[PDB]
$ cat input.cif   # mmCIF, C-alpha atoms
data_run
#
loop_
_atom_site.group_PDB
_atom_site.id
_atom_site.type_symbol
_atom_site.label_atom_id
_atom_site.label_comp_id
_atom_site.auth_asym_id
_atom_site.auth_seq_id
_atom_site.Cartn_x
_atom_site.Cartn_y
_atom_site.Cartn_z
ATOM 1 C CA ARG A 38 116.609 164.939 56.576
ATOM 2 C CA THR A 39 113.304 166.136 58.082
ATOM 3 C CA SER A 40 113.175 166.743 61.850
ATOM 4 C CA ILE A 41 110.914 165.048 64.425
ATOM 5 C CA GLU A 42 108.746 168.173 64.871
ATOM 6 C CA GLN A 43 108.602 168.431 61.086
ATOM 7 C CA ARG A 44 107.456 164.844 60.654
ATOM 8 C CA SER A 45 104.933 165.113 63.548
ATOM 9 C CA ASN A 46 102.960 168.088 62.198
ATOM 10 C CA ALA A 47 103.173 166.294 58.825
ATOM 11 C CA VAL A 48 101.608 163.080 60.114
ATOM 12 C CA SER A 49 98.878 165.282 61.667
ATOM 13 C CA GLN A 50 97.838 166.378 58.212
ATOM 14 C CA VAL A 51 98.127 163.021 56.440
ATOM 15 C CA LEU A 52 95.789 161.534 59.016
ATOM 16 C CA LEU A 53 93.325 164.458 58.501
ATOM 17 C CA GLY A 54 93.769 163.789 54.794
ATOM 18 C CA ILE A 55 92.990 160.122 55.269
ATOM 19 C CA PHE A 56 90.030 160.851 57.586
ATOM 20 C CA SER A 57 88.432 162.727 54.654
ATOM 21 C CA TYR A 58 87.905 159.525 52.652
ATOM 22 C CA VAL A 59 86.239 157.782 55.591
ATOM 23 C CA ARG A 60 82.573 157.452 56.492
ATOM 24 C CA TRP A 61 81.420 155.968 59.741
ATOM 25 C CA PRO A 62 77.927 154.340 59.787
ATOM 26 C CA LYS A 63 76.942 156.541 62.701
ATOM 27 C CA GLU A 64 78.913 159.805 62.644
ATOM 28 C CA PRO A 65 79.807 161.057 66.119
ATOM 29 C CA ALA A 66 79.929 164.749 66.964
ATOM 30 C CA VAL A 67 83.494 164.352 68.255
ATOM 31 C CA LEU A 68 85.656 161.824 66.464
ATOM 32 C CA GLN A 69 87.677 159.765 68.910
ATOM 33 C CA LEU A 70 91.295 159.005 68.233
ATOM 34 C CA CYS A 71 93.298 156.698 70.449
ATOM 35 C CA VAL A 72 97.081 156.529 70.326
ATOM 36 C CA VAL A 73 98.173 153.048 71.294
ATOM 37 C CA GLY A 74 101.707 151.797 71.940
ATOM 38 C CA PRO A 75 104.932 153.808 71.930
ATOM 39 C CA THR A 76 105.020 156.333 69.107
ATOM 40 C CA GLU A 77 107.452 158.961 67.755
ATOM 41 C CA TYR A 78 105.225 161.100 65.576
ATOM 42 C CA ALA A 79 101.913 161.285 67.499
ATOM 43 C CA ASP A 80 102.784 164.407 69.511
ATOM 44 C CA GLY A 81 101.143 166.613 66.912
ATOM 45 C CA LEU A 82 98.033 164.417 66.992
ATOM 46 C CA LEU A 83 97.517 164.439 70.709
ATOM 47 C CA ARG A 84 97.084 168.247 70.671
ATOM 48 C CA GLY A 85 93.705 167.519 69.170
ATOM 49 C CA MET A 86 92.638 168.144 65.636
ATOM 50 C CA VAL A 87 89.837 169.760 63.676
ATOM 51 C CA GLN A 88 88.401 168.467 60.411
ATOM 52 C CA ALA A 89 87.540 170.734 57.441
ATOM 53 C CA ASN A 90 83.903 170.508 58.473
ATOM 54 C CA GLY A 91 84.724 171.732 61.993
ATOM 55 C CA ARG A 92 84.400 168.381 63.725
ATOM 56 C CA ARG A 93 86.944 168.212 66.526
ATOM 57 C CA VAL A 94 89.209 165.241 66.632
ATOM 58 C CA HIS A 95 89.887 164.463 70.253
ATOM 59 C CA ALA A 96 93.131 162.524 70.973
ATOM 60 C CA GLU A 97 94.336 160.422 73.825
ATOM 61 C CA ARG A 98 96.732 157.592 74.537
ATOM 62 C CA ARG A 99 95.274 154.233 75.452
ATOM 63 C CA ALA A 100 96.653 151.019 76.866
ATOM 64 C CA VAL A 101 97.291 148.310 74.315
ATOM 65 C CA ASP A 102 95.433 145.775 76.466
ATOM 66 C CA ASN A 103 92.532 148.057 77.006
ATOM 67 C CA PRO A 104 89.610 145.729 76.010
ATOM 68 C CA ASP A 105 87.288 148.623 75.036
ATOM 69 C CA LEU A 106 89.568 150.218 72.406
ATOM 70 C CA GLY A 107 86.819 149.198 70.013
ATOM 71 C CA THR A 108 84.088 151.287 71.584
ATOM 72 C CA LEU A 109 86.234 154.131 72.855
ATOM 73 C CA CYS A 110 88.002 154.630 69.531
ATOM 74 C CA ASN A 111 86.689 155.746 66.124
ATOM 75 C CA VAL A 112 90.324 155.977 65.091
ATOM 76 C CA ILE A 113 93.380 154.186 66.353
ATOM 77 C CA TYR A 114 96.900 155.370 65.678
ATOM 78 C CA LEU A 115 98.997 152.295 66.318
ATOM 79 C CA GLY A 116 102.583 152.405 67.480
ATOM 80 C CA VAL A 117 105.203 149.776 68.085
ATOM 81 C CA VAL A 118 103.656 146.591 69.354
ATOM 82 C CA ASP A 119 104.701 142.971 69.583
ATOM 83 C CA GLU A 120 102.868 140.014 68.104
ATOM 84 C CA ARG A 121 100.806 139.377 71.196
ATOM 85 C CA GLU A 122 100.165 143.026 71.927
ATOM 86 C CA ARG A 123 99.211 143.530 68.300
ATOM 87 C CA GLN A 124 96.852 140.557 68.544
ATOM 88 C CA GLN A 125 95.081 141.920 71.627
ATOM 89 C CA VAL A 126 94.474 145.204 69.917
ATOM 90 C CA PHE A 127 93.093 143.982 66.597
ATOM 91 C CA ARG A 128 90.910 141.537 68.401
ATOM 92 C CA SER A 129 89.396 144.371 70.488
ATOM 93 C CA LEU A 130 88.472 146.349 67.348
ATOM 94 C CA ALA A 131 86.551 143.527 65.705
ATOM 95 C CA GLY A 132 82.852 144.052 65.138
ATOM 96 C CA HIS A 133 83.403 147.785 65.607
ATOM 97 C CA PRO A 134 83.642 150.612 63.023
ATOM 98 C CA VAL A 135 87.267 151.657 63.518
ATOM 99 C CA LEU A 136 89.940 153.349 61.449
ATOM 100 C CA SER A 137 93.350 151.951 62.146
ATOM 101 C CA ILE A 138 96.619 153.584 61.095
ATOM 102 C CA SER A 139 100.196 152.665 61.879
ATOM 103 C CA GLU A 140 103.208 154.813 62.468
ATOM 104 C CA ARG A 141 105.251 152.041 60.863
ATOM 105 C CA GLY A 142 104.742 150.475 57.438
ATOM 106 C CA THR A 143 105.220 146.859 58.453
ATOM 107 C CA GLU A 144 101.813 146.545 60.130
ATOM 108 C CA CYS A 145 99.498 146.588 57.014
ATOM 109 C CA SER A 146 100.183 142.844 56.881
ATOM 110 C CA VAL A 147 98.758 142.154 60.344
ATOM 111 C CA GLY A 148 95.765 144.360 61.172
ATOM 112 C CA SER A 149 96.184 148.062 60.421
ATOM 113 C CA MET A 150 94.129 149.583 57.616
ATOM 114 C CA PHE A 151 96.889 152.054 56.786
ATOM 115 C CA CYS A 152 100.605 152.077 57.291
ATOM 116 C CA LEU A 153 102.666 155.185 57.281
ATOM 117 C CA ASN A 154 106.253 155.365 56.090
ATOM 118 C CA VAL A 155 107.613 158.513 57.754
ATOM 119 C CA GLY A 156 111.143 158.212 56.516
ATOM 120 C CA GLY A 157 112.289 160.095 53.451
ATOM 121 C CA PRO A 158 111.337 163.484 52.030
ATOM 122 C CA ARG A 159 107.597 162.781 52.274
ATOM 123 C CA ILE A 160 105.229 160.813 54.512
ATOM 124 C CA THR A 161 103.867 157.927 52.505
ATOM 125 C CA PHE A 162 101.451 155.135 53.302
ATOM 126 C CA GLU A 163 100.117 151.892 52.005
ATOM 127 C CA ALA A 164 96.842 150.216 52.773
ATOM 128 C CA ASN A 165 95.307 146.763 53.126
ATOM 129 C CA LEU A 166 92.008 145.780 51.483
ATOM 130 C CA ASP A 167 91.309 142.900 53.920
ATOM 131 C CA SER A 168 91.396 144.884 57.195
ATOM 132 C CA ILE A 169 89.679 147.785 55.374
ATOM 133 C CA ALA A 170 86.742 145.597 54.309
ATOM 134 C CA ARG A 171 86.306 144.035 57.694
ATOM 135 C CA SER A 172 86.708 147.416 59.328
ATOM 136 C CA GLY A 173 83.044 148.324 59.031
ATOM 137 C CA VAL A 174 83.698 151.898 58.031
ATOM 138 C CA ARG A 175 83.500 153.056 54.413
ATOM 139 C CA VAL A 176 86.810 153.953 52.797
ATOM 140 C CA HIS A 177 86.614 155.868 49.539
ATOM 141 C CA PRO A 178 89.239 154.621 46.970
ATOM 142 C CA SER A 179 90.606 158.104 46.262
ATOM 143 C CA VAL A 180 92.311 157.879 49.587
ATOM 144 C CA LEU A 181 95.093 156.533 47.351
ATOM 145 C CA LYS A 182 95.381 159.839 45.405
ATOM 146 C CA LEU A 183 97.012 160.990 48.649
ATOM 147 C CA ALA A 184 99.575 158.227 49.143
ATOM 148 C CA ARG A 185 100.610 158.227 45.469
ATOM 149 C CA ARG A 186 101.149 161.986 45.184
ATOM 150 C CA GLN A 187 103.055 161.723 48.473
ATOM 151 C CA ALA A 188 105.319 159.013 46.984
ATOM 152 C CA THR A 189 106.016 161.548 44.223
ATOM 153 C CA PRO A 190 108.981 163.951 43.950
ATOM 154 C CA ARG B 38 92.047 160.785 82.588
ATOM 155 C CA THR B 39 93.237 157.411 81.270
ATOM 156 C CA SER B 40 95.809 155.188 83.011
ATOM 157 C CA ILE B 41 98.379 155.869 80.319
ATOM 158 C CA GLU B 42 98.150 159.546 81.286
ATOM 159 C CA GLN B 43 98.235 158.513 84.931
ATOM 160 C CA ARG B 44 101.330 156.421 84.354
ATOM 161 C CA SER B 45 102.660 159.273 82.192
ATOM 162 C CA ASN B 46 102.320 161.871 84.952
ATOM 163 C CA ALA B 47 103.999 159.430 87.248
ATOM 164 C CA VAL B 48 107.031 158.910 84.987
ATOM 165 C CA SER B 49 107.192 162.690 85.212
ATOM 166 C CA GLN B 50 107.335 162.511 88.949
ATOM 167 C CA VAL B 51 109.826 159.673 89.037
ATOM 168 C CA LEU B 52 112.074 161.492 86.589
ATOM 169 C CA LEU B 53 112.202 164.662 88.734
ATOM 170 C CA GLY B 54 112.961 162.466 91.725
ATOM 171 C CA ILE B 55 115.935 160.950 90.016
ATOM 172 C CA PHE B 56 117.043 164.390 88.912
ATOM 173 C CA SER B 57 117.539 165.553 92.478
ATOM 174 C CA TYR B 58 120.255 162.899 92.978
ATOM 175 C CA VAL B 59 122.237 163.945 89.906
ATOM 176 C CA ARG B 60 124.799 166.673 89.349
ATOM 177 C CA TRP B 61 126.453 167.854 86.107
ATOM 178 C CA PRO B 62 130.086 169.009 85.757
ATOM 179 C CA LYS B 63 128.862 172.492 84.777
ATOM 180 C CA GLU B 64 125.269 173.046 85.819
ATOM 181 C CA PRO B 65 123.116 174.515 83.031
ATOM 182 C CA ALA B 66 120.479 177.174 83.661
ATOM 183 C CA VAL B 67 117.948 174.978 81.881
ATOM 184 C CA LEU B 68 118.097 171.208 81.791
ATOM 185 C CA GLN B 69 118.020 169.776 78.278
ATOM 186 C CA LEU B 70 115.905 166.663 78.005
ATOM 187 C CA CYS B 71 115.870 164.710 74.733
ATOM 188 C CA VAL B 72 113.076 162.181 74.260
ATOM 189 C CA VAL B 73 114.463 159.685 71.759
ATOM 190 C CA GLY B 74 112.499 156.924 70.042
ATOM 191 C CA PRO B 75 108.909 155.636 70.309
ATOM 192 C CA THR B 76 107.522 156.421 73.770
ATOM 193 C CA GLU B 77 104.263 155.483 75.372
ATOM 194 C CA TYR B 78 104.880 157.501 78.578
ATOM 195 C CA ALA B 79 106.823 160.668 77.727
ATOM 196 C CA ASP B 80 103.843 163.072 77.215
ATOM 197 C CA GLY B 81 104.177 164.556 80.694
ATOM 198 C CA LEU B 82 107.835 165.270 80.106
ATOM 199 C CA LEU B 83 107.219 166.907 76.813
ATOM 200 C CA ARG B 84 104.834 169.312 78.518
ATOM 201 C CA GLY B 85 107.890 170.586 80.320
ATOM 202 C CA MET B 86 108.989 170.213 83.910
ATOM 203 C CA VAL B 87 110.531 172.287 86.698
ATOM 204 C CA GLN B 88 112.719 171.211 89.652
ATOM 205 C CA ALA B 89 111.964 172.182 93.245
ATOM 206 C CA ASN B 90 115.181 174.224 93.160
ATOM 207 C CA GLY B 91 113.295 176.184 90.492
ATOM 208 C CA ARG B 92 115.225 175.083 87.435
ATOM 209 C CA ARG B 93 113.360 174.433 84.172
ATOM 210 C CA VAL B 94 113.560 171.163 82.267
ATOM 211 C CA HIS B 95 113.046 171.678 78.570
ATOM 212 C CA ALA B 96 112.007 168.563 76.751
ATOM 213 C CA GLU B 97 111.816 167.876 73.077
ATOM 214 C CA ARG B 98 111.971 164.947 70.734
ATOM 215 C CA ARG B 99 115.168 164.236 68.924
ATOM 216 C CA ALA B 100 115.769 161.557 66.311
ATOM 217 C CA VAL B 101 117.670 158.407 67.148
ATOM 218 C CA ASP B 102 120.194 158.878 64.328
ATOM 219 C CA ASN B 103 120.793 162.450 65.507
ATOM 220 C CA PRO B 104 124.554 162.799 65.569
ATOM 221 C CA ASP B 105 124.759 165.589 68.231
ATOM 222 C CA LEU B 106 122.695 163.892 70.946
ATOM 223 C CA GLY B 107 125.661 164.188 73.347
ATOM 224 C CA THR B 108 125.997 167.977 73.205
ATOM 225 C CA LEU B 109 122.276 168.729 72.752
ATOM 226 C CA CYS B 110 121.305 166.657 75.752
ATOM 227 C CA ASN B 111 121.537 167.019 79.542
ATOM 228 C CA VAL B 112 119.169 164.016 80.055
ATOM 229 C CA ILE B 113 117.975 161.427 77.516
ATOM 230 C CA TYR B 114 114.836 159.338 77.929
ATOM 231 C CA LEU B 115 115.298 156.405 75.579
ATOM 232 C CA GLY B 116 112.241 154.835 74.037
ATOM 233 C CA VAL B 117 112.115 151.866 71.698
ATOM 234 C CA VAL B 118 115.309 151.203 69.751
ATOM 235 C CA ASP B 119 116.879 148.162 68.133
ATOM 236 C CA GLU B 120 120.382 146.877 68.736
ATOM 237 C CA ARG B 121 121.828 148.942 65.885
ATOM 238 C CA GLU B 122 120.064 152.167 66.998
ATOM 239 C CA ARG B 123 120.795 151.622 70.659
ATOM 240 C CA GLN B 124 124.510 151.590 69.833
ATOM 241 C CA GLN B 125 124.192 154.484 67.457
ATOM 242 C CA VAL B 126 122.633 156.464 70.308
ATOM 243 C CA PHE B 127 125.185 155.723 73.023
ATOM 244 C CA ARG B 128 128.162 156.511 70.772
ATOM 245 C CA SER B 129 126.972 160.131 70.589
ATOM 246 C CA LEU B 130 126.448 160.108 74.351
ATOM 247 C CA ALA B 131 130.073 158.980 74.855
ATOM 248 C CA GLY B 132 132.267 161.418 76.760
ATOM 249 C CA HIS B 133 129.357 163.700 77.501
ATOM 250 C CA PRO B 134 127.662 164.117 80.852
ATOM 251 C CA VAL B 135 124.292 162.722 79.785
ATOM 252 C CA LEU B 136 121.810 161.197 82.183
ATOM 253 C CA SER B 137 120.525 158.146 80.345
ATOM 254 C CA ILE B 138 117.093 156.655 81.150
ATOM 255 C CA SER B 139 115.008 154.039 79.270
ATOM 256 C CA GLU B 140 111.272 153.355 79.224
ATOM 257 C CA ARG B 141 111.563 149.581 78.838
ATOM 258 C CA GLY B 142 113.649 148.196 81.688
ATOM 259 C CA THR B 143 113.954 144.704 80.250
ATOM 260 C CA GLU B 144 115.255 144.721 76.639
ATOM 261 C CA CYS B 145 117.649 147.450 77.881
ATOM 262 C CA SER B 146 121.099 147.283 79.519
ATOM 263 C CA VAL B 147 123.912 148.903 77.640
ATOM 264 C CA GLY B 148 123.954 152.515 78.720
ATOM 265 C CA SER B 149 120.681 153.423 80.224
ATOM 266 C CA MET B 150 121.839 154.722 83.563
ATOM 267 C CA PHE B 151 118.346 153.664 84.771
ATOM 268 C CA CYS B 152 115.695 151.393 83.258
ATOM 269 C CA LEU B 153 112.067 151.982 84.180
ATOM 270 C CA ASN B 154 109.401 149.348 84.612
ATOM 271 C CA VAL B 155 106.102 151.078 84.256
ATOM 272 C CA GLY B 156 104.007 148.008 84.346
ATOM 273 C CA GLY B 157 102.602 146.886 87.632
ATOM 274 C CA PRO B 158 100.707 149.030 90.176
ATOM 275 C CA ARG B 159 103.689 151.331 90.503
ATOM 276 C CA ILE B 160 106.673 152.383 88.506
ATOM 277 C CA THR B 161 109.944 150.738 89.508
ATOM 278 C CA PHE B 162 113.463 151.033 88.156
ATOM 279 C CA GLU B 163 116.837 149.300 88.074
ATOM 280 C CA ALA B 164 120.123 151.103 88.201
ATOM 281 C CA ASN B 165 123.166 150.276 86.026
ATOM 282 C CA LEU B 166 126.165 150.893 88.330
ATOM 283 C CA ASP B 167 128.526 150.332 85.363
ATOM 284 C CA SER B 168 126.803 152.874 83.151
ATOM 285 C CA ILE B 169 126.594 155.235 86.112
ATOM 286 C CA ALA B 170 130.372 155.611 86.471
ATOM 287 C CA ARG B 171 131.396 155.859 82.752
ATOM 288 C CA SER B 172 128.695 158.462 82.002
ATOM 289 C CA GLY B 173 130.360 161.594 83.348
ATOM 290 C CA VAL B 174 127.654 162.810 85.706
ATOM 291 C CA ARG B 175 127.805 162.669 89.498
ATOM 292 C CA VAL B 176 124.952 160.559 90.820
ATOM 293 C CA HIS B 177 124.303 160.596 94.542
ATOM 294 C CA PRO B 178 124.259 157.024 95.923
ATOM 295 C CA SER B 179 121.110 157.524 97.992
ATOM 296 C CA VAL B 180 119.265 157.101 94.714
ATOM 297 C CA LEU B 181 119.900 153.326 94.763
ATOM 298 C CA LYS B 182 117.598 153.095 97.724
ATOM 299 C CA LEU B 183 114.847 154.232 95.368
ATOM 300 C CA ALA B 184 115.798 151.452 93.001
ATOM 301 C CA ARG B 185 114.847 147.796 93.072
#

$ encode --input "input.cif" --output "structure tokens"
Amino acid sequence: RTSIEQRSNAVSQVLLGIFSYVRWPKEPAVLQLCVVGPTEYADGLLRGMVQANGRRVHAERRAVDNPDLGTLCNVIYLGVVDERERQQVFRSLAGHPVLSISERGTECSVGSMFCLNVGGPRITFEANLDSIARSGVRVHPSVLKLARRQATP
Amino acid sequence: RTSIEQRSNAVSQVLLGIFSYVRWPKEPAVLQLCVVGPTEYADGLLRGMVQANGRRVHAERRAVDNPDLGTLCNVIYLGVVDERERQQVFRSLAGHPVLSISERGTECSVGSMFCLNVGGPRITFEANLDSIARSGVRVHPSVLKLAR
């Protein structure tokens, strides 16, 4: 079984790997990532990140009921939230170009664009076409090369 | 800095405060703090702390299903865990002097020497007098005056 520090640094990459298939309508110089809700595997993230084009990914935690998640966040890494809390969040992102990703794989069905599954020998994820289309960012299809080859032994 | 960081740095401060009213059977040079489960406010802790008496608190995440929590852990800061996992956790803590604290002081009760309530303008916390005796650490009773 893979350790917490193993799975953290792993998530870090998968997110970078997802972020590669994503175009924002207006590309910021610093991409803004907001961690929202309790999380296990975001420690790696919050160090900050750099993309393969040198764009820094800046990372900070934000309150689930923060009403400006939408404008503060180009990315949101979503943790454990309850129905209401989840509602607040996905409402705040509407009309804004935001990439949403969950630590847990249940949430594709309720708002998140991507849903990690961190258990097992590899980090896997599934996606949802609905939330993706209404996201207002462009997601290249080949983002699924990554989940599939991750669901591979 | 955001309010989550603000509330995070404060959980730091509250944790230290509680630490001063606890003693362990055999005091370790370096206090082992296990953050366990999803945690909105444990980022200050993970950065590492130090007590006024100069002692270092080392903090690191450990998985919920981790069977050696009891030996690996001086203090455990319990995040989000379901009924099954909550049990799983406290069984490893059994018969070991482990200071148990929880981030959500509502859906918490079994174990959890202390349950924090981070919401509101300040951080508050209950104390679980039952859990406090069984645990195996010596908690000074003054601490209850810092409770609710």

$ atom_distance --input "input.cif" --atom1 "CA of residue 56 (chain B)" --atom2 "CA of residue 156 (chain B)"
21.4 Å

$ resolve_selection --input "input.cif" --expression "the PyMOL selection byres ((chain A) within 7 of (chain B))" --output "list in words"
residues 41, 74, 75, 76, 77, 98, 99 and 100 of chain A

$ residues_around --input "input.cif" --residues "region 177-188 of chain A" --least-positions-apart "6" --cutoff "10 Å" --atoms "only C-alpha atoms" --output "compact mmCIF listing (two decimals) with C-alpha atoms, in the frame of the given file"
# COMPACT_ATOMS: atom_id res chain seq x y z
CA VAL A 51 98.13 163.02 56.44
CA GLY A 54 93.77 163.79 54.79
CA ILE A 55 92.99 160.12 55.27
CA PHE A 56 90.03 160.85 57.59
CA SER A 57 88.43 162.73 54.65
CA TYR A 58 87.90 159.52 52.65
CA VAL A 59 86.24 157.78 55.59
CA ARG A 60 82.57 157.45 56.49
CA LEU A 153 102.67 155.18 57.28
CA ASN A 154 106.25 155.36 56.09
CA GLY A 157 112.29 160.10 53.45
CA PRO A 158 111.34 163.48 52.03
CA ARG A 159 107.60 162.78 52.27
CA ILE A 160 105.23 160.81 54.51
CA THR A 161 103.87 157.93 52.50
CA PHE A 162 101.45 155.14 53.30
CA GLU A 163 100.12 151.89 52.00
CA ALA A 164 96.84 150.22 52.77

$ resolve_selection --input "input.cif" --expression "the PyMOL selection byres ((chain B and resi 106-109) around 8)" --output "JSON list (two decimals) with C-alpha atoms, in the coordinates of the input"
[["chain", "number", "residue", "atom", "x", "y", "z"],
["B", 69, "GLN", "CA", 118.02, 169.78, 78.28],
["B", 71, "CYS", "CA", 115.87, 164.71, 74.73],
["B", 99, "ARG", "CA", 115.17, 164.24, 68.92],
["B", 103, "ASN", "CA", 120.79, 162.45, 65.51],
["B", 104, "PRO", "CA", 124.55, 162.80, 65.57],
["B", 105, "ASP", "CA", 124.76, 165.59, 68.23],
["B", 110, "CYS", "CA", 121.30, 166.66, 75.75],
["B", 111, "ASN", "CA", 121.54, 167.02, 79.54],
["B", 126, "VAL", "CA", 122.63, 156.46, 70.31],
["B", 129, "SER", "CA", 126.97, 160.13, 70.59],
["B", 130, "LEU", "CA", 126.45, 160.11, 74.35],
["B", 131, "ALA", "CA", 130.07, 158.98, 74.86],
["B", 132, "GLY", "CA", 132.27, 161.42, 76.76],
["B", 133, "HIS", "CA", 129.36, 163.70, 77.50],
["B", 134, "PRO", "CA", 127.66, 164.12, 80.85],
["B", 135, "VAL", "CA", 124.29, 162.72, 79.78]]

$ resolve_selection --input "input.cif" --expression "the PyMOL selection byres ((chain A and resi 112) around 7)" --output "PDB file with C-alpha atoms, keeping the file's coordinate frame"
ATOM      1  CA  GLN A  69      87.677 159.765  68.910  1.00  0.00           C
ATOM      2  CA  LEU A  70      91.295 159.005  68.233  1.00  0.00           C
ATOM      3  CA  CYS A  71      93.298 156.698  70.449  1.00  0.00           C
ATOM      4  CA  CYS A 110      88.002 154.630  69.531  1.00  0.00           C
ATOM      5  CA  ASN A 111      86.689 155.746  66.124  1.00  0.00           C
ATOM      6  CA  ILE A 113      93.380 154.186  66.353  1.00  0.00           C
ATOM      7  CA  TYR A 114      96.900 155.370  65.678  1.00  0.00           C
ATOM      8  CA  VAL A 135      87.267 151.657  63.518  1.00  0.00           C
ATOM      9  CA  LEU A 136      89.940 153.349  61.449  1.00  0.00           C
ATOM     10  CA  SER A 137      93.350 151.951  62.146  1.00  0.00           C
TER      11      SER A 137
END

$ closest_residue --input "input.cif" --among "A:133, A:155, A:62, A:115" --to "residue 46 (chain A)" --atoms "all atoms listed in the file"
A:155
